[PDB]
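Visitor: A structural model of the following input is requested.
(4 chains, ligands or ions: 4)
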Protein chains: 4
Amino acid sequence: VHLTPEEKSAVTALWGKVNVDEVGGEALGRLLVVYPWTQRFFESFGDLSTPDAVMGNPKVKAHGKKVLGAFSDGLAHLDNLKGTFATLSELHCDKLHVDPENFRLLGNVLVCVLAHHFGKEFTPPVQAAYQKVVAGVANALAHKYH
Amino acid sequence: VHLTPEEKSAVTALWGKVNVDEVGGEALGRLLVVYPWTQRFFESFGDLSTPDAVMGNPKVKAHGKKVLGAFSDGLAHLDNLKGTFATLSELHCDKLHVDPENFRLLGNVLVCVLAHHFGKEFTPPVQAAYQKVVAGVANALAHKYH
Amino acid sequence: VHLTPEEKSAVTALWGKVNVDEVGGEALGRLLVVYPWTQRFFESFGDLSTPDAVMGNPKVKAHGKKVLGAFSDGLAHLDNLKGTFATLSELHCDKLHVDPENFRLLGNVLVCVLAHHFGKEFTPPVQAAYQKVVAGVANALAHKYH
Amino acid sequence: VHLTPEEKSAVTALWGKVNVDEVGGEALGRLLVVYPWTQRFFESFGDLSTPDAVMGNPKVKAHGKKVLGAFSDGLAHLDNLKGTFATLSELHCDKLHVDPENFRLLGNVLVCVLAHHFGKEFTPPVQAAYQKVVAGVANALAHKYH
Ligand code: HEM
Ligand code: HEM
Ligand code: HEM
Ligand code: HEM
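Guide: Numbering: from 1, shown residues only, chains lettered A, B, ... in the order given. Ligands and ions are numbered 1, 2, ... in the order given. Coordinates below:
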């Protein structure tokens, strides 16, 4: 992932203001609502019938916080995402068999959640920076398939 | 596209509140900035070299407004997206030769712009409905390749 | 799907030379080997651990011929794919939750299988026509998501 | 790209029987026929009006030879695709603005041309190996967008 310092500044500044405990659950929950086939991976989480059921699921919220945590991790090592994510790649690919396209969709939902939250501060160049990051993390997660 | 009563009422309500000037140049600008290869289609527009040049450009802004106008038309005929978009399909496909994937990328940018432009009212079910709409439009636009 | 009369004639002539009992198993099996996350959907098939575990799997072979039968249906009803695949769309979308991208991969694998089998009779325009067909089928199977 | 030695050997062994002078032109030509929007990049090659026109084009055949030449380089340097394709990445991204999805499509057409050529030598594990190589080359080519 190649970010200019201006880009690195703007991404981290935005990041610093993310409600980590909420954003994660919102991004995971919206993934399940918007791209419904993804619910197949989380059937053990309980009731996912309605959007309300999904958005209200505390297992979804809890897990969402864990996803956001790893995201914060890659953000700290843009230099080496493959290695940062090596362990999560074996899990998601070798054990869970998640389609590589799903990693890209979660990336997308995340960018949407930020736009939604940071309105005007989510500028075109900031959107561009985050797009490159979510793409970099998605590619690092599908590494086991490469 | 298949929208549930709720989704459709939902959809058409928010649309009515859309500031096309704001959303159109924003959607079009963000496409050229986030996915740079898209600039080659708009060489006739001038200075697109920087996010500022792009976001500044009134050609971009005016064209953006035209794109939303076609969207609106589309929104009125969710029943016949294909027929609604026939002439634009011929233009984009047969004449311009735009990659069908780019119709998906504009759609996604547009969704991020609505999140951005409706904050709190852009709930998971609304995003889910708008995602079906944009995918529907992208598919109707790529119709000539099918 | 829009085929010119020359496309329709060549597509239908080639299809009549296909050994159904065989190409369907070959296409489903290659899908499972080349895009390994797809194995997660074939819950009762047993060992899918090695290419030979997959390719000679009796259930893969039997199942491939049912897939092939459905494709034939498709080809015979290009004017009505959504209707033709109505119950298969609800099974795959509503019940099985197959990601739409997967429908596309299987179409791509089938095309490769025909190339492998027909060699030189698989000309560029025949390939282009088959591409439009498999894309139309994938689109009709993902109907319930639209 | 992760290839087992078994895969590596099956891959290089087959590459050795490729008609260097022909497969390239076939691949490129089928790209232009099957995904017609790619014709916009080769409008200076002359007449691409028809499949026959495309497949006939001597510019296409000559250019296919160079493409295949680049592929052999990648094959010879699986451990250094990014360096191997450094200059080609700057040409295609920075200079030509080719959409990254098109690199993917070319790799896919190539695999189909190999299938079409090798019949039976093109077994499921060989196809899987080739799919990982093409994906790795497409990703290396798109590096400038990352
Ligand atoms: C691309 C961004 C993603 C990140 C950063 C991420 C991160 C994580 C993390 C941190 C965990 C918990 C690891 C542990 O408990 O050791 C996890 C587990 C899991 N993830 Fe993801 N993930 C991503 C994408 C996805 C996608 C797209 C899906 C499926 C649609 C998915 C499905 C799962 C599942 C099923 C589990 C296991 C949860 C359980 O049963 O405890 N992940 N992921
Ligand atoms: C969401 C899908 C899209 C819609 C609804 C749309 C709509 C339109 C409209 C309404 C026009 C004006 C045609 C006229 O009145 O003469 C137009 C033209 C054009 N579109 Fe799009 N468009 C879409 C996607 C795209 C994409 C993805 C690209 C390229 C990346 C693109 C490139 C162009 C170009 C180059 C023109 C011609 C501009 C000129 O020189 O006049 N469009 N489009
Ligand atoms: C390209 C289009 C496809 C066609 C025409 C097709 C066709 C079929 C047909 C005819 C059946 C049997 C329905 C019945 O029970 O009567 C079936 C079942 C099934 N398909 Fe597909 N399919 C397609 C793609 C896929 C893909 C991409 C996946 C997953 C990767 C998939 C997974 C399944 C599963 C898991 C079943 C049920 C098998 C069982 O009986 O356990 N299908 N499909
Ligand atoms: C993905 C694998 C690809 C490889 C290995 C590849 C390789 C090459 C090579 C070796 C050249 C000659 C560069 C030089 O020495 O001037 C070239 C040029 C070119 N390629 Fe590609 N290419 C690939 C994909 C594509 C795609 C998908 C497109 C567009 C659809 C494309 C469009 C072009 C164009 C327009 C040129 C310039 C032709 C000229 O004027 O010489 N390339 N490519």
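Visitor: where exactly do the helices run in chain A?
Guide: A:5-15, A:20-34, A:51-56, A:58-75, A:81-84, A:86-89, A:100-118, A:124-141 (DSSP state H).
Visitor: Determine how far the first one lies from the middle of the whole chain.
Guide: Here the centre of mass of C-alpha atoms in helix A:5-15, compared against the chain's by CA atoms, centre = their mean, to the nearest Å, lies 17 Å away.
Visitor: what number of residues lie near the nearest residue to residue A:111 once chain neighbours are set aside?
Guide: Counting by CB to CB, 6 or more residues apart in numbering or on different chains, residue A:111 lies nearest to residue A:130, which is 5.4 Å off, once chain neighbours are set aside. From N, CA and C alone the C-beta is placed, and that goes for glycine too. By the measure other CB atoms under 10 Å in any protein chain shown, the count of residues near residue A:130 is 25.
Visitor: check contacts around residue A:130.
Guide: A:11, A:14, A:110-111, A:114 (CB atoms under 8 Å, 6 or more residues apart in numbering or on different chains).
Visitor: Just put those residues in TSV and tack on distance to residue D:37.
Guide: What follows is those, written out as TSV (distance: CB to CB, whole Å):
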residue	distance to residue D:37
A:11	33
A:14	35
A:110	29
A:111	26
A:114	31
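Visitor: and of these, the nearest to chain C?
Guide: Comparing the contacts of residue A:130 against chain C with CB to the nearest CB picks out residue A:110 as the nearest, at 18.4 Å.
Visitor: wait, isn't the closest one in contact with residue A:137?
Guide: No: the pair residue A:110 and residue A:137 does not pass the contact test of CB atoms under 8 Å, sitting 9.2 Å apart.
Visitor: Buried subset of the contacts of residue A:130 as a ChimeraX selection?
Guide: In ChimeraX syntax, the buried subset of the contacts of residue A:130 is picked out as below (16 or more other CB atoms under 10 Å in any protein chain shown):
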select /A:11,14,110,111,114
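Visitor: of all the contacts of residue A:130, which comes closest to ligand 4?
Guide: residue A:111 (26.0 Å; CB to the nearest ligand atom).
Visitor: got the contact list for the closest one?
Guide: Counting by CB under 8 Å, 6+ apart, the residues that residue A:111 touches are A:127, A:130-131, A:134, B:112.
Visitor: Give me the buried entries from those.
Guide: By 16+ other CB under 10 Å, the contacts of residue A:111 give A:127, A:130-131, A:134, B:112 as buried.
Visitor: For the residues you listed, which two are the farthest from each other?
Guide: A:134 and B:112 (11.8 Å; CB to CB).
Visitor: and the nearest residue to residue A:143 once chain neighbours are set aside, how many neighbours does it have?
Guide: Closest residue to residue A:143 apart from its sequence neighbours, by CB to CB, 6+ apart: residue A:89 at 4.5 Å. Here the count is done by other CB under 10 Å, and residue A:89 has 22 residues near it.
Visitor: cool, the one 10 residues further on as well?
Guide: Residue A:99 is flanked by 22 other residues according to other CB under 10 Å.
Visitor: And the contacts of residue A:130, which is closest to chain D?
Guide: Using CB to the nearest CB, these come closest to chain D at residue A:11, 14.9 Å.
Visitor: give me every residue that touches that closest one.
Guide: Counting by CB under 8 Å, 6+ apart, residue A:11 makes contact with A:3, A:75, A:126, A:129-130, A:133.
Visitor: what's the answer for residue A:90, then?
Guide: Residue A:90 touches residue A:144, counting by CB under 8 Å, 6+ apart.
Visitor: wait, isn't residue A:36 in contact with residue C:95?
Guide: No: with contact defined as CB under 8 Å, residue A:36 does not count as touching residue C:95 (11.9 Å).
Visitor: quick one, which of those two is more surrounded?
Guide: Using other CB under 10 Å, the more surrounded residue of residue A:36 and residue C:95 is residue A:36, with 19 against 9.
Visitor: ok, residue A:21 - how many residues close by?
Guide: Neighbour tally, residue A:21, other CB under 10 Å: 12.
Visitor: from memory it sits against residue A:62, does it?
Guide: No: the criterion here is CB under 8 Å, and residue A:21 misses it with residue A:62 at 10.0 Å.
Visitor: Residue D:113 versus residue A:94, what's the distance?
Guide: Distance, residue A:94 to residue D:113, by CB to CB, to the nearest Å: 31 Å.
Visitor: more neighbours, those two?
Guide: residue D:113 (27 against 11).
Visitor: Show the contacting residues for that one.
Guide: With contact set as CB under 8 Å, 6+ apart, residue D:113 has these partners: C:115, D:23, D:26-27, D:30.
Visitor: Go again with 7 Å.
Guide: By CB atoms under 7 Å, 6 or more residues apart in numbering or on different chains, residue D:113 lies in contact with D:23, D:26-27, D:30.
Visitor: For the closest residue to residue A:100 other than its chain neighbours, grab the count of nearby residues.
Guide: In space, residue A:100 comes closest to residue A:142 once its chain neighbours are excluded; the distance is 3.9 Å by CB to CB, 6+ apart. Counted with other CB under 10 Å, the neighbours of residue A:142 add up to 22.
Visitor: phi, psi of residue A:142?
Guide: Backbone geometry at residue A:142, expressed as degrees, to the nearest 10, gives phi -90, psi 10.
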